[PDB]
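Worksheet: one structure, shown below.
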Amino acid sequence: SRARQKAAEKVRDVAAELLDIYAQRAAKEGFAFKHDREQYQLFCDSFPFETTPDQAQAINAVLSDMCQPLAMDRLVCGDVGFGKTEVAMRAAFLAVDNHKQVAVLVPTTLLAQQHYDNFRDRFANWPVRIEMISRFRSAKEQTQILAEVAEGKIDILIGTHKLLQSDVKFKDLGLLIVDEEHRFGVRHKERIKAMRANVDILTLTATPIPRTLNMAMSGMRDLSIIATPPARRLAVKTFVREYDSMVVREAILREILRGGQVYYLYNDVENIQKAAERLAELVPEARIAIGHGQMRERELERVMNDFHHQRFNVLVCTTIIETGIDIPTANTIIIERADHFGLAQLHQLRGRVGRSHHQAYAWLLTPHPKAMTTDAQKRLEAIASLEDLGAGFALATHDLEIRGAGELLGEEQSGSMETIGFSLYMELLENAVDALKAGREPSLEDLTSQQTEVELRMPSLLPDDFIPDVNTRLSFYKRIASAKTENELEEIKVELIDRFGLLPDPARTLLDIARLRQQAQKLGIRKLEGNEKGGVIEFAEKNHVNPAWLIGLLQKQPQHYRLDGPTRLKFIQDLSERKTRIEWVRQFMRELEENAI
Amino acid sequence: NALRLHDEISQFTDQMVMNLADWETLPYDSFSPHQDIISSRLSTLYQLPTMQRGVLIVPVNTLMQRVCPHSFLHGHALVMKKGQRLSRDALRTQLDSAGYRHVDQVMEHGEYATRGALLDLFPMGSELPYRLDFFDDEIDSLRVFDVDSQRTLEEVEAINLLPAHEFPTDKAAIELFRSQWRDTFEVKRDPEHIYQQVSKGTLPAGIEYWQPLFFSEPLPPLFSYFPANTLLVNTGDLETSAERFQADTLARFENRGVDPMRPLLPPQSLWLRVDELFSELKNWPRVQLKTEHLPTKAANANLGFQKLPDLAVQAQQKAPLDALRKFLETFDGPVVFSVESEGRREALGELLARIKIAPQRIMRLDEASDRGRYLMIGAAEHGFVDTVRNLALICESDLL
Amino acid sequence: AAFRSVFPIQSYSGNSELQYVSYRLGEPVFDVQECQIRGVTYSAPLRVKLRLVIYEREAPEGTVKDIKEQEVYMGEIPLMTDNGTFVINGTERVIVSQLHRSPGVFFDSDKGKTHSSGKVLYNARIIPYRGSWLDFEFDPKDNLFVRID
Amino acid sequence: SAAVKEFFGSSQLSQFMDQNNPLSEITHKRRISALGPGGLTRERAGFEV
RNA sequence: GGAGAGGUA
DNA sequence: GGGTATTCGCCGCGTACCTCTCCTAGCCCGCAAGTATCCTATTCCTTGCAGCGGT
DNA sequence: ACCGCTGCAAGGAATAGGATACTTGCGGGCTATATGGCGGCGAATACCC
Ligand SMILES: Nc1ncnc2c1ncn2[C@@H]1O[C@H](COP(=O)(O)OP(=O)(O)OP(=O)(O)O)[C@@H](O)[C@H]1O
Ligand SMILES: [Mg+2]
C-alpha cells in the first residue's frame, strides 16, 4: 500500500535541443573518409569467413557512404547471428586508419568485454589500441584511459554509459558505432553527437525501436536490411509450454547429453538464488552457476569465463544477457515466465541460441493458457507463428504500428501520442538550419560548457503553451544564453513581455538564472549548485571572494558554511521555498560582490 | 569431453580430427535429428571401413547406439571420390545390382551408359546424369553433363549420392516395416498412428527409433564397420559411464513404457548392453589413460606428468605476477604458454613483457628447445610439467 | 449460499486454493437520516474471513506448506431500512417483487392458429434458473425438433 | 460494488418510492410487477396475460 | 441529449 | 423447368402532458522487473612504527 | 646494547549500500447475447412431377 503516486516534473524541454543538434549536424559537412583498396584488402584477408552478398551489400553501402562529405547515419539493422558485427569492424578499421577515434556504445557491460575480445582478436596485426571502459576497470585505470583519450593514444574505445559521463573529451572523433541501439532513450544517444555534430554515426541493432524505424522510413537516415543467414543455422524450435519440471528436466538432459550449455532465464534477482537450488534437486546431474548484475562485480567475470570455457552447463540468469552474447556452444533457452516480455525482447531471447549449425531448442515456459493474459498470449503466438531465419525486421515492423513510434523531436520512442508532422519536421529543421547558419551562432551545448553550473533543481525553461514555436524558442534560448549584460536581459524581458504578454515562472526563473550567471562569471564563480538541504559553491583559482571574510562567515555560521576543499564551500540551509532560495543566492552573491576584490 | 578433445587434439596435432555426429535427439525421443547431420553421419560410416589412418572421436553413447547393416551402405550410396580405384564392368554389375538400365542417351532414373572408356549414369536420387570416364581400374572424371545436350556443366572431385535417411524409404522397405510391426507390435485403427502413417508413406519425427524393422536383420554394433588395426583409447572411465547410460536408457524406456501410440522397441534390440559391449571390447587392443598411479605390471607405463604449482595472480599483492616471475626464474626447461585466442596472446603479450618475458609463438610442441619461452594458439585447459623431458604447459586457467 | 457456491476457488496449476470461513457486516458509517441528508448509500461494509492454502510442489497432490487467514473487505451492500426501503442516494427506493416464469418444464400448445391447418403443435420448454433454455416441438409433419436458446 | 451498486442504484425494478401517503408507500412495497429481466414487457403483452 | 420507472386524460 | 407450397425475414403496432434518477473504460503514472551511472560509509588489506624480548 | 620480531595505528581501497538515469507490463484514477409478440406480405427456396 506504499505506492505514493501522483507526482509531477518537467525539469527539461527536449525539442529545442534536438532541433539544435540536428540543425548543427545538417550545417556541418561530414567527412569524406579515405578508402584504401589494398591495406584494407589485407584486413579483408584476415576475416575467417566468406561474406554473404547481403553482408557485402551492407559493407559497400556503408563504405561508399562514409567516404562522402555528407551526414552518415546508417541503419545496418539485420537479424540476429547474421554477422552484423564485422561490417561495423570494417567501417571502424577504414575510419581508424584515418585516425579518427571510433566510439562504440553498448547497453551493458557484457557486450563491452566480449566485444573487447572480438575487436582485439580482429586487430591483432595493426598498430591500433583498443580499450574498454566499464565499472570493471579500476577508477585509477579510468583516470588514465580518459587521459589518453584526450591525447588520443586510445584509437578505439568501447564502453557503457561510463563513456557518456561527458567529461570524456576526445581528441578527434570521426565515427560513432552504437550496438543494440534499442535502449538509451534518446538523450544517451544524442549526447555524443552533441559534442561533435559532424561526426559519422553507424547504428547497429537487430530489433530497432519503432521511432528509428519510422525515421528510416522517413529518408532521414539510411537503411541496410540484412537477410541471407551466413551459415548452417536453422530455426530455434519455439515451444510454448505450461510450466512443468519434467519437461524442464528432459530439456536439460537433452542439452547435457548433447554436451551443450543451458540459458535459464529467471529475471528475478532476489529469488534467483532460490531458483538455483530448486533447479538443483530437479537436475542434480547438471553443473549450474548463478549470474546477474548484482554480484560484487568480479564473480561474473569468473562466471562468464567459466561458462565460455564450458565449466558449467546451466546459467540461471536475468535479462542482463538479453543483449546478444554469442557463446555458440549453448542451444537451449528456458524462459521461466515469458509473460511479461515484449516481442523484441522475445526475439532477442531466441537470438542467443542457435548461432551455429546445431539445432537449438527454445522453451517458453508460460502459465496456464487461460491464466496467461491476452497480451502475453497474442505475443506468444506472434513469436510462435513467426519462427523464421531473417524474420526480425518483420517482427520489428509488427512492433511498429501496434505500439506506435514516439514523437520525432523527443523522447519516449514508442507510443503514438500525436507527434508533429514529418513535413513539419522538414520545414522546422530547414528553418532551424538557415537561421542558425545565418550568423553562425554557437550551439546550446557549447554555451553549456562556457556557462558555469547554475543548476538549482528548478523547472526553468520556456514552456510549450507560452511559445509553441520551438524554432524561435531556440532562437530566444540562444539570445538569452548569449546575453552578456543584465540590461540586455532586461530588453529580452520587455521583448518577451511585448511578444507574449505575461512571463511564466520557468521563464522568469530562467531570466534570473542568467542574472546570477552574469555575476558568477563576472566575479569568477565557477560552479554553484543548490538543493533542499543547502548547496555548494565552487570558486575559481582567482576568485573575488574575500578569504578573511570567508573565514568570518565560517565562524559566524559554522552550521551554514563548511569549506571542504580549496574552493568547495557547502552552505547548509533548509531551502524549501524556491523563490526565497533564488533571493538567497541573489542577495548572498550581492554581499559577496560587495566584498569583491 | 569429446568436444573438448576434438579441439584439444586439433591444437596438438596436424592429423585429421573428426567426430561422429550422433543424434542430438535423446534415446526414445519424439524429434528428428536434423537430416543433414545424418547426411554427415553416414558419410563417416562410409569411410570407417576404409581409412588407413585418421583420428575419430566417439563417446560412449555412440558406441551404445546401433547402426545400419552396411549392405545398404554398399548398396544405396554412390558417394565416390577421385581416388576410387575401380574398373568399368565393376560399376556395370554394381549398378545392375542397383537395377539400372543401359541407355546411351540417359534421360530417366535408374539409367547408365558404358561405351569404350565412358561411363554415364542417371541416378534414382537426383535429376542429373554424370559422365565418369573410368581409366585403368580407377575413376578420373565426374562430369555434370546435360540430360540431352551431353555437355559438362562442372567437373567434380567427389559425388555424393546419399539417400535422405538411415533406412531405405522404398515401398518394399515400407512393407517390411509393416511386416515387422505386425510381428512385434500391434496395429490399431488410427490415422495419426505411425503404422498407418508409413502406410501413407510419411515420415514421423522419431522414426529413427523404429530402425531395425526396416531391415529384418539385427543392427550391427558398428565394430564390424571397424578397420582391422584401430586402437581404442579409453578416456574417463567405462565401467561407470556405460552402466550409467544404460540406466538412463532403461529409465527413459520404462518411463515411456506406455502409449500404444508409438510403442517402443526393447533397448537390447536398438542398443548394446554393457555386457556385450565389453564382450566386443576385447577384440581390439586398448590404451587406458587414468589420472592415478598404476603401481606395476607389464603393459603399464606411468609417465611423469605432474601438476603445476600454485600459479595465480592477484592485485592484493604489490606485484601481481609474483608466482610466474619466480617460477620462471627457477625453471630449467622450455615453457609453452598456449594462449587460447590470438588477441588474447597480446593479453599475455603486454602482460609478460611487463616482466620482460617475450614468448615466441611456435607451431609444433616438438620444436621446444632446452631453455626458452614459447607459446601455442589452441584449446588447452590446464597446464602441467612433463618432468620426463622437462617440458611445460601453462594455460590461461593457470592464471585465474 | 453464494459463497459456498463459489468458494473454494482452486488454481489452474492447483498448487493452492482460496477458501471461505464466514462473513460479517460492518457497522454502517452513517445511519438512515444522515445518509438521507448527505446523498449517499445507507450501506454496510462486508468483512469476510478468507483463507488461502499453500500446497507443497514436490510433495504430491494434497500437502500443506502454509495457510493464512484474515478478515478482508469487499463491497458496500445497502441495508434495508427499518420499514422496507433502501436509501441509495438520498432517494428512498423500493425493490418491487417480480412475478416470473418458474423454472421447470412447461408443456404448451399454440392452439391451432399456425401452419394454415388447424393442427396443434405441442412444445416443451426446459427452463433453467440460470443457464441455457431447451425447447422441443413437433413439426406440422410430426417431426420432433430441438433448439437451444 | 459495481454489480450491487448498479442494481440497487439503477435497475429495471429498483424504483423510486411513491411517498405521498402512508398508504402509497405500503402499497408500493407490496407491488407485484411482472416486468423486469426474465419477464415480459409493456408493449409486447397479449390480452391473456 | 438518451435510456429506465411511474403518473394523468 | 415450372408450378404450388412452405418458409424466412422485414414492415407496422395512439396522441398529448407531468415527475424522478441515471447515463466507463483507458491510459498513462508510477509501481514492479531489469539495466547502467553517480555518490558517502564502512569495511577491509595492508603496512609502518612502537615497543618488547634475546644473546 | 641494540636487532629482530609482532601488534596495533593509520591509512587507504574497495565495496556496499544509497540515490540517479534507461527498457517492458500492469493497475488504478480519473478523465477522456437472452431466451414472454403477432399478423401480413412478399421474396426466396423445397419438392415434385
Ligand atoms: N560471412 C559469414 N559466413 C559465415 N559465418 C559468419 C559470417 N559472418 C559472421 N559469421 C558468424 O556469425 C556470427 C554472427 O555473430 P556477430 O555477433 O559477429 O554478428 P551478429 O550476431 O549478427 O551481431 P549481433 O551480435 O549484434 O546480433 C559470428 O560469430 C560469425 O561466427
Ligand atoms: Mg377525460
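By convention here, the chains of the C-alpha cells are called A, B, ... in the order presented, each chain's residues are numbered starting at 1, and ligands are numbered starting at 1 in the order presented.
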
- Task: Dump as a PyMOL selection string the residues of chain C that approach chain F to within 12 Å, counting only C-alpha atoms (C1' of nucleotides).
- Result: chain C and resi 88-93+115-116+140-141

Interface rows for chain A against ligand 1: nearest pair, Å to one decimal, 8 Å, only C-alpha atoms and all ligand atoms, as CSV:
```
residue,atom,partner,partner_atom_place_in_ligand_line,distance
A:49,CA,ligand 1,3 (N),4.8
A:50,CA,ligand 1,1 (N),4.3
A:51,CA,ligand 1,1 (N),3.4
A:52,CA,ligand 1,1 (N),5.2
A:55,CA,ligand 1,1 (N),7.0
A:78,CA,ligand 1,22 (O),7.0
A:79,CA,ligand 1,22 (O),6.5
A:80,CA,ligand 1,27 (O),4.1
A:81,CA,ligand 1,21 (O),3.3
A:82,CA,ligand 1,22 (O),3.7
A:83,CA,ligand 1,19 (O),3.4
A:84,CA,ligand 1,22 (O),3.6
A:85,CA,ligand 1,19 (O),4.3
A:86,CA,ligand 1,18 (O),5.8
A:179,CA,ligand 1,26 (O),6.4
A:180,CA,ligand 1,26 (O),6.3
A:204,CA,ligand 1,26 (O),6.9
A:205,CA,ligand 1,26 (O),6.0
A:206,CA,ligand 1,27 (O),6.0
A:229,CA,ligand 1,4 (C),7.9
A:230,CA,ligand 1,4 (C),4.3
A:231,CA,ligand 1,4 (C),4.9
A:323,CA,ligand 1,25 (O),8.0
A:324,CA,ligand 1,25 (O),5.1
A:325,CA,ligand 1,25 (O),6.6
A:326,CA,ligand 1,17 (O),6.3
A:328,CA,ligand 1,29 (O),7.8
A:351,CA,ligand 1,27 (O),7.4
A:355,CA,ligand 1,13 (C),6.1
A:356,CA,ligand 1,12 (O),7.7
```

- Report as a PyMOL selection string: the residues of range 283-380 of chain B with a DSSP assignment of helix (DSSP H, G or I), based on the backbone of this structure. chain B and resi 283+322-327+342-355+365-367

- Distance CA of residue 358 in chain A-CA of residue 55 in chain B, one decimal place? 22.1 Å

- Could you please tell me, as a VMD selection string, which residues of chain C have an atom within 10 Å of chain D when using only C-alpha atoms? chain C and resid 41 74 to 78 83 to 89 91 to 101 129

For those residues, write C-alpha atoms to a file as a PDB file, in the first residue's frame.
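Final output, part_10.pdb:
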```
ATOM      1  CA  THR C  41     -25.996   4.824   0.234  1.00  0.00           C
ATOM      2  CA  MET C  74     -15.294  -6.467  -0.328  1.00  0.00           C
ATOM      3  CA  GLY C  75     -18.136  -4.208  -1.430  1.00  0.00           C
ATOM      4  CA  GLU C  76     -20.681  -1.912   0.183  1.00  0.00           C
ATOM      5  CA  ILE C  77     -24.085  -3.603   0.306  1.00  0.00           C
ATOM      6  CA  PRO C  78     -27.049  -1.334   1.066  1.00  0.00           C
ATOM      7  CA  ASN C  83     -39.547  -0.229   7.074  1.00  0.00           C
ATOM      8  CA  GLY C  84     -38.605  -1.800   3.760  1.00  0.00           C
ATOM      9  CA  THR C  85     -36.941   0.997   1.847  1.00  0.00           C
ATOM     10  CA  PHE C  86     -33.375   1.309   0.648  1.00  0.00           C
ATOM     11  CA  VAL C  87     -31.665   4.675   0.903  1.00  0.00           C
ATOM     12  CA  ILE C  88     -29.453   4.638  -2.164  1.00  0.00           C
ATOM     13  CA  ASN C  89     -28.593   8.222  -2.897  1.00  0.00           C
ATOM     14  CA  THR C  91     -33.815   8.938  -2.653  1.00  0.00           C
ATOM     15  CA  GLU C  92     -35.670   6.156  -0.914  1.00  0.00           C
ATOM     16  CA  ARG C  93     -36.147   3.362  -3.435  1.00  0.00           C
ATOM     17  CA  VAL C  94     -38.119   0.148  -3.158  1.00  0.00           C
ATOM     18  CA  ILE C  95     -37.236  -3.054  -4.973  1.00  0.00           C
ATOM     19  CA  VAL C  96     -40.650  -4.275  -6.086  1.00  0.00           C
ATOM     20  CA  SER C  97     -41.171  -8.014  -6.241  1.00  0.00           C
ATOM     21  CA  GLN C  98     -41.167  -9.733  -9.614  1.00  0.00           C
ATOM     22  CA  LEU C  99     -43.555 -12.402 -10.889  1.00  0.00           C
ATOM     23  CA  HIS C 100     -41.754 -14.556 -13.417  1.00  0.00           C
ATOM     24  CA  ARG C 101     -41.664 -17.942 -15.123  1.00  0.00           C
ATOM     25  CA  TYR C 129     -32.960 -20.938 -13.263  1.00  0.00           C
TER      26      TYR C 129
END
```

- When the cut-off is 12 Å and we count only C-alpha atoms (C1' of nucleotides), which residues of chain F are near chain D, given as a PyMOL selection string? chain F and resi 13+19-24

- Message: Could you list, as a ChimeraX atom specification, every residue within 12 Å of residue 40 in chain G, counting only C-alpha atoms (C1' of nucleotides) and ignoring same-chain residues fewer than 4 positions away?
- Response: /F:9-12

Output C-alpha atoms (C1' of nucleotides) for every residue in that selection, as an mmCIF file, in the first residue's frame.
```
data_model
loop_
_atom_site.group_PDB
_atom_site.id
_atom_site.type_symbol
_atom_site.label_atom_id
_atom_site.label_comp_id
_atom_site.auth_asym_id
_atom_site.auth_seq_id
_atom_site.Cartn_x
_atom_site.Cartn_y
_atom_site.Cartn_z
ATOM 1 C "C1'" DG F 9 -37.491 -12.022 -42.765
ATOM 2 C "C1'" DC F 10 -38.946 -7.325 -42.695
ATOM 3 C "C1'" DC F 11 -42.941 -3.942 -42.134
ATOM 4 C "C1'" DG F 12 -46.162 -1.946 -38.819
#
```

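One distance worth recording is that between CA of residue 370 in chain B and CA of residue 332 in chain B, which is 7.5 Å.
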
- Polymer residues at most 10 Å from residue 5 in chain F, only C-alpha atoms (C1' of nucleotides), same-chain spacing of 2 or more positions, as a VMD selection string: (chain F and resid 3 7) or (chain G and resid 46 to 47)
